[PDB]
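Take a look at this single chain in structure tokens; it is the form deposited in one PDB entry.
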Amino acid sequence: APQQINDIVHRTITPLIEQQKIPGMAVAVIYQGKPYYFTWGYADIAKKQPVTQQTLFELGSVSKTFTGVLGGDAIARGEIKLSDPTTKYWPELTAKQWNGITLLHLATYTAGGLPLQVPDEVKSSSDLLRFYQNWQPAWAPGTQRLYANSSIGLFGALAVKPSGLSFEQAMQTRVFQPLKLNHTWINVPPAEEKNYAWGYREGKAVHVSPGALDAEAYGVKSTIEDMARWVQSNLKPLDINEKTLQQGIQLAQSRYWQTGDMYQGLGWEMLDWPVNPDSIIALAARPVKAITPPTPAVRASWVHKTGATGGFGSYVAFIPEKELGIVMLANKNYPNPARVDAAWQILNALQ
């Protein structure tokens, strides 16, 4: 690595690991299409397995960026439209509160207060239907944003219906494969278990538990290499040869709603660059302003997503205009502000 990148990364991440007692971490900085990798500590403490560039980490809600782009790809394929009513793809959803709730609302957490978590008791397709039928919105659609797995999760599930594919098959064939993300998984195969880090929560080794809509909302596992490739693909979508995927990426970074200084994309969230770092809670209900029509992807943006599972904490951010991106993968769920601080310190110094 160029010594500047080495120095800013080590000087930022070493203290972060110490302060947050992070067992293992991988970091990629992508500068002008070139990735630079850094690793520390342990994928598995008990077995003394180090973090490497091949270690799989649970991305948690960083998975929603994949779902948002898969949904964009389906729009580009002409399979769905964000303006479509939810009921067009799930006509069994007959309760009257669904009138007026579109795929856009689901994708952007603006349906009117869908809950953060799908309840553990919800297993089957018939359980899920019952859950959504019974849900009572707090707000009219398109008025408030409440971050929710039950919202974008449903979007992901409906977005792949016309394709005929399972969600996982659609993601593999339409997103992972074309982008050469060959060590990115919704389900980690037995052959890859040797590389699957344990998460640590209160000192105990843990992996994410199955749940409904897990694939769609928080179920992707990936390596620092594939995640760097993912960030670069989103940084520079015009290099992508597959037309609908290129377009889907662009759609996921369009600005659909504004709350405060943040703009909601599909999975991705965006702020204008340069950002006040200060500008970048279990439930936070925020009124949104519709951006009518959505602004196409703005190059001078800080585009990012945080993600966690019980034992993992991930973060990706990039700035198209500066050809600069970063991925931070850790096998402990440590506070989001520490992630953003570190990422901003690194990118600002290189920018």
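Note that residue numbering begins at 1 and tracks the sequence as displayed.
FYI, the form solved in complex with a small molecule isn't displayed, but the following is about it.
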Partner contact for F131 in the bound PDB entry: the small molecule, 4.5 angstroms, heavy atom: no
Any non-hydrogen atom of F176 within 4.5 angstroms of the small molecule in the bound PDB entry: no
In the bound PDB entry, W268 touching the small molecule (heavy atom, 4.5 Å): no
In the bound PDB entry, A308 touching the small molecule (heavy atom, 4.5 Å): yes
